[PDB]
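Inspection log for the structure reproduced underneath, given as structure tokens.
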Amino acid sequence: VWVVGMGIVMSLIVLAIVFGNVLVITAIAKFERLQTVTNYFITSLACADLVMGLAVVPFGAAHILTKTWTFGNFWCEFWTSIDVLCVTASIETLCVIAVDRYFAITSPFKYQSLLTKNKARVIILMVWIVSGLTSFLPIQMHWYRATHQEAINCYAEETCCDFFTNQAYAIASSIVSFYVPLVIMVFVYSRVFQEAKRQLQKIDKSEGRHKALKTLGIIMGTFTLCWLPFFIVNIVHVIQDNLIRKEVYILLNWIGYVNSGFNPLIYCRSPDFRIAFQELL
Amino acid sequence: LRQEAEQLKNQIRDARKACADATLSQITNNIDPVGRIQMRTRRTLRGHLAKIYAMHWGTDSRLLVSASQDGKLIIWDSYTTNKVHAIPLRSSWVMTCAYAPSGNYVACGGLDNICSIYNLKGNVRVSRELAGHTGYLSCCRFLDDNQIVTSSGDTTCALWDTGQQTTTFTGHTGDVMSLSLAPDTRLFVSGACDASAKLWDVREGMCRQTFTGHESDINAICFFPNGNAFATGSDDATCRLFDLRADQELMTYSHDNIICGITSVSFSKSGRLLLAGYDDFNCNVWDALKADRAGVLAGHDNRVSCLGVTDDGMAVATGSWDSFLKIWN
Amino acid sequence: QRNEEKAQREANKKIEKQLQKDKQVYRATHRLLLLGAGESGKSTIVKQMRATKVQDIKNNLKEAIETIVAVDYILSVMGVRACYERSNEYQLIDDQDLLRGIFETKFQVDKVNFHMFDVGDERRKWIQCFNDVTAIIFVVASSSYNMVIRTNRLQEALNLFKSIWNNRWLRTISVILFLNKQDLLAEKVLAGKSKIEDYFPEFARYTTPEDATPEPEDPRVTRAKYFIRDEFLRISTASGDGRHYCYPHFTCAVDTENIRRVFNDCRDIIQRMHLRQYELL
Amino acid sequence: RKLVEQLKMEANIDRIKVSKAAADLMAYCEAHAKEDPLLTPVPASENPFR
Ligand SMILES: CN[C@@H]1CCc2c(ccc(O)c2O)[C@H]1O
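Chains as they are written, first to last, in full-length UniProt numbering: chain A, 31 to 239, 269 to 340; chain B, 7 to 127, 131 to 170, 173 to 340; chain C, 12 to 61, 89 to 108, 128 to 135, 158 to 173, 194 to 199, 206 to 225, 229 to 258, 263 to 328, 330 to 394; chain D, 13 to 62.
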């Protein structure tokens, strides 16, 4: 009976992620006024979240619940490829949104001229292309196949398919996906918070008669709490194989997955987005 | 001094009341309603670099001209969505545009007192910038290929031929903000910043009649296709219809829900439907005779700023504060 | 036919490229409104920003003489100190000595394009036209309190500022406020001919704010300037918060640092608009 | 003081009864209704836009 409830929970999570991503994409695309220079990045994030929630989350739920992968070895490799590509695309899109906010705040006059629709399209294309170069090629080709005695049979066996990566690819993939974007957005949001504090101090000084803390705090904390533990345990298991069990790995991975559905709740709170959502429904 | 004027005004009001045998809605109660009307967006013209102010349909139903605050007055082809010409106005701001019934020349207003005339028919060149006024311009129109009627930010409305103002109308307490022309070239009417809306005779140069039934600024004046009536759009939600023969307010169009202002007013080919834009993001359609709304057109994101109907009456084009100009059929 | 369609397409294309360039240059620049009242020292700021002129100066002198008239040879041509002493009652106007329709001024501060507006209307119907300018430069003369109309001139300026502030179409427009004739204000305050408390009763109970010590000036002058600044600022502050801020700047005719001040304040306005966006502020 | 003269000039005009004007307006609206592409539904082939 425990598996039965887990299946319902996983189906609900997948449905919620799909619905949120679809709503965000439809709101961004249907209305021309809502679409803007910075909304292309949100569109890319929503597209990545939708693709992940329609490709890996349902297949991942099917794999974990049944404990047997019915599809072939090539199809499982392709599924893992899509999973890692989606994760890196989402995190890099979050990093790009953060750097866009930093450029808009720290350099206001140069922001409009530097960034245009063509610039947004080319930077999004570069993000997706670098995500592809980091995900597809090392995993579609058999670089990532484990050299360990364990899981060699599992990779050979069709029904069994679990992630056993080389000691080298895991660290590099984690660095390109999460760690570097983590540093970039942490520094960027520290700078933006410093600018906001300076503006608040100036306003208080000019006119005698914690808001920035809440928004930055939620935006950074959701992403960090969702993804950092998984991207530290994956390195830890490579460094120490006996430390990390499979259940911990899976649980942390799915907790990180839920960030895909959490992202629309944190990147669509603007009143224009709410009005568009109300009109669409 | 003013006692004679007050007595004359009281006598005029008494005479107007004496002529009110029956209300327009009293007769219209027998007629059938037009019913609900669904209006789609056949095309969404775009390209303007900033907010637009006014637009005027061409003599033919195809070509139209759009005027924007960016200074780019671009001529559009409604059928194929093509920008035939792009005329950069010398003045940074334009407040009105006009299209010649011949189609040869195109007029552009502006916040500057100077009114410019562009000879569209290779490269567009300004024909002869007009003399000017004391204030800005509000609305321009073409009696023919040689005469342009302009409304100013001062009281005076003028007819311009040669850079010469043949006539200089006057009598408005405030600033005239819009005007319209009758199907014939003999008569035209204009609004004002004050509630007064007047009818002028082009040949005589004297305001034959004055209508002051409003209570706020008048922003738009449309003219009945028959030529015996004209509709006014005030700053307050109420829009009303005047009859030149009866010389008073025959009907009044308003609703409790609407509280926003009115920017542009235009009729249909048959005159049954009064298409009025609002300061809100929507645009309303009213049954002129029955004084009942028959549909809501809320395509634009920003407030609407201009309307128009082709001479053939094929479709009604609304230009908004946003860069998007949408043709509604 | 086909040829006609092709031609139309080519023309549209030619226009679209030119229009894209025009949109780029338009977005590069900024728009500022100058709301200088009549004889309020507005021309001083424009001069600070930067034969026939001699004839214009002579005409201005003749107009001043006619205004004073409103000896016998002077009157027929159209006690000198008497008019200057009673210059408060009636409106009166006035290379280096000479300096001491719609007008457009274009200048660059830090390689960023700027464009200045100058209109000038009791109705002020054209005010709603400028709903897209970066900021409004509203100048005022702090010495206008002595001059009386028919409400004093400074009170009229306060009423105009209140009307501009509480406008539906200007709900997203900030105001930069310049208090011209600071030296003249100090000169009038030092002399006992006009008392600020005599014209504004609230000045008797008013006291200087504790943390306001801008310049090395007798206390009375500073109290007067801070009263005027507070009277201007109260109407702006009590209306609401967000996308609305007044930036009072005490300025002198000689001082030429205003051009830097407008650039810095416009940058601050853009930065604070972005901060208010994204729900940060 | 020409305002009173203008008002007197405008007052000396014959007025048509409101009932007659309303009847004429209704007659015109009913006569020209069939030619309005907006009042009646727009035919797919007839409408150049659609
Ligand atoms: C089933 N576990 C996969 C495989 C490893 C991996 C994931 C996500 C992001 C990455 O950068 C990875 O290297 C996980 O979704």
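Backbone N, C-alpha and C fix where the C-beta goes; we use that ideal spot for every residue, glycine too.
Membership of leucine 79(B) in the beta strand (DSSP E) is indicated by the continuous run 78-83.
Chain-ordered, the residues whose CB falls short of 5 Å from any heavy atom of ligand 1 come out as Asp113(A), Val114(A), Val117(A), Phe193(A), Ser203(A) and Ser207(A).
Note: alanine 92(B) is bridge-paired with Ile80(B) in the DSSP secondary-structure output. A Cβ-Cβ distance of about 6 Å is found for the pair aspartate 186(B) and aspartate 163(B), placing them in contact under the 8 Å criterion. Pairwise C-beta distances place the segment 216-227 of chain A out of contact with the segment 286-297 of chain A, as fewer than three of them are shorter than 8 Å. Rounded to the nearest whole angstrom, the CA to CA distance from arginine 165(C) to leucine 197(C) is 24 Å. Checking the DSSP bridge columns, you'll see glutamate 260(B) partnered with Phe253(B). In this model, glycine 50(A) and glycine 320(A) are separated by some 6 Å (Cα to Cα). The three-state secondary structure of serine 275(B), taken from DSSP, is strand.
Flagged as an interface residue toward chain B: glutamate 62(A), by a C-beta distance shorter than 8 Å. At a cut-off of 8 Å between beta-carbon atoms, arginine 283(C) makes no contact with chain B. Going by beta carbons, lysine 147(A) and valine 67(A) fall inside the 8 Å limit.
Within the same chain, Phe89 come within 6 Å of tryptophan 109(A) by CB-CB distance, once the 5 residues on both sides are set aside.
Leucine 286(B) and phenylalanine 241(B) have their C-alpha atoms spaced approximately 13 Å apart.
Around the beta-carbon of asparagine 183(A), fewer than 16 other beta-carbon atoms lie within 10 Å, marking it exposed. Contact check for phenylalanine 222(C) against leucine 43(C) passes: the beta carbons are separated by less than 8 Å.
Neighbours of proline 323(A) in chain C, taken as residues whose beta carbon is under 7 Å from its own, are absent, since the nearest beta carbon is some 15 Å off. At the C-beta level, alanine 45(D) and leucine 37(D) stay beyond 8 Å of one another.
The beta carbons of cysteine 204(B) and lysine 233(C) sit closer together than 8 Å. Check the Cα spacing between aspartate 234(A) and each of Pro332(C), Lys307(C) and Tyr360(C): the tightest is with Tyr360(C). Going by DSSP, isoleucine 288(C) is part of the beta strand (DSSP E) stretching over 286-292. In the three-state scheme derived from DSSP, where H, G and I count as helix and E and B as strand, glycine 144(B) is classed as coil. With a beta-carbon spacing of about 18 Å, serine 207(A) and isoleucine 153(A) fall beyond the 8 Å limit used to define contacts. For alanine 249(C), the secondary structure class from DSSP, reduced to helix, strand or coil, is strand. Along the segment 134-147 of chain A, going in chain order, the ones with a CB nearer than 9 Å to a CB of chain C are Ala134, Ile135, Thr136, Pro138, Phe139, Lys140, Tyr141, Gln142, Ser143 and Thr146. As summarised for the segment 15-47 of chain D, the continuous alpha helix (DSSP H) elements at least 4 residues long and confined to that stretch are 30-43, given in chain order.
Listed in chain order, the non-local C-beta contacts of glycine 144(B) below 6 Å within the same chain comprise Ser161, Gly162 and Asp163, local neighbours out to five positions each way being set aside.
Here the segment 65-77 of chain B does not lie against the segment 18-29 of chain C, with fewer than 3 beta-carbon pairs under 8 Å apart. Residue pairing by DSSP places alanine 59(A) opposite no residue, since no beta bridge is assigned to it.
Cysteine 317(B) is bridged by DSSP to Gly330(B). For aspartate 312(B), the C-beta contacts it makes with chain A under 7 Å involve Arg63, in order along the chain.
One finds nothing in chain D with a Cβ atom closer than 9 Å to the Cβ of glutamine 176(B); even the nearest lies about 20 Å away. Per the Cβ contact rule, the segment 132-141 of chain B is not in contact with the segment 179-197 of chain B (fewer than 3 Cβ pairs under 8 Å).
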